[PDB]
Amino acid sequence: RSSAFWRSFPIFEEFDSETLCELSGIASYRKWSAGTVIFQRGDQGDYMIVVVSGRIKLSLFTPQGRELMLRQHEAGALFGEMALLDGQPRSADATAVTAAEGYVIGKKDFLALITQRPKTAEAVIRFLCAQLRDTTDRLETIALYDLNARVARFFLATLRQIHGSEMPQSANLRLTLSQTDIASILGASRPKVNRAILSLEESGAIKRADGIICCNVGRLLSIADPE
């Protein structure tokens, strides 16, 4: 593992070959059995993680028992850099829900590498901005929209992840998220998220078959807004 394989991961995408070949022989392997906490929120964060295999959910848990799924990263994903760069503790909880393998990079090595190549800093920044945006958008979703609009916006964002700058009239998508997963991402209840999804398929928005959802972009924009 050393060359154009690292470009797949965020931030590394904008790397030059000089900074990207070498600087990846400072990543140690690490794997986690299904359902294991990689770390907690309070943990000191002196390292960063790339994901090669498995599904790792990053989430926030309140003492009462309620959970908020931040994200469900998978292959080609990168997390664990905020607590790194920024000298504070971890801001979320990382838990592997299946057998997950990935590479690990230390704090000093990474910060010394940012000091080594200035433009890599840019990369980081551009990535951070992006993250912020995705988060803030989600904020809006949960602040100013009902459940149906919430799931509609979720599906639109998930399709815009795959096709990020075109976008058809009908598009299928292979989900890999349970309805409890959705309800926890959007801060709602599983039964009522199920209701909302069935309501959307019965309003002519999305047709849902074994593992697949054909989304009708038209009615989904009509549902994610009013008229």
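Each residue number is its position in the shown sequence, starting from 1.
Student: Higher average CA B factor in the deposited record is what I'm after, so tell me if that's 109 to 117 or 91 to 99.
Tutor: Going by the record's values, the stretch with the higher mean is 109 to 117.
Student: When the Cα temperature factors in the entry are averaged, is it 29 to 37 or 196 to 204 that ends up higher?
Tutor: In the deposited entry, the stretch with the higher C-alpha B-factor mean is 196 to 204.
Student: Check the PDB entry and point out which of 84, 77, 156, 125 has the largest C-alpha temperature factor.
Tutor: So the option with the highest C-alpha B-factor is 84.
Student: Please place residue 177 in the lowest, middle or highest third of its chain according to the CA B-factor in the PDB entry.
Tutor: Within its chain, residue 177 is a middle-third residue by C-alpha B-factor, going by the deposited values.
Student: Classify residue 144 as lowest, middle or highest third according to the C-alpha B-factor given in the PDB entry, relative to its own chain.
Tutor: CA B-factor rank for residue 144: highest third.
Student: Taking the values exactly as deposited, rank residue 169 by C-alpha B-factor within its chain and report the matching third: lowest, middle or highest.
Tutor: For residue 169, whose C-alpha B-factor we compare with every modelled residue in the chain, the answer is the middle third.
Student: What third of its chain's C-alpha B-factors does residue 214 belong to: lowest, middle or highest?
Tutor: According to the entry, residue 214 has a C-alpha B-factor in the chain's lowest third.
Student: Lowest, middle or highest third: where is residue 64 by C-alpha B factor in its chain?
Tutor: Highest third.
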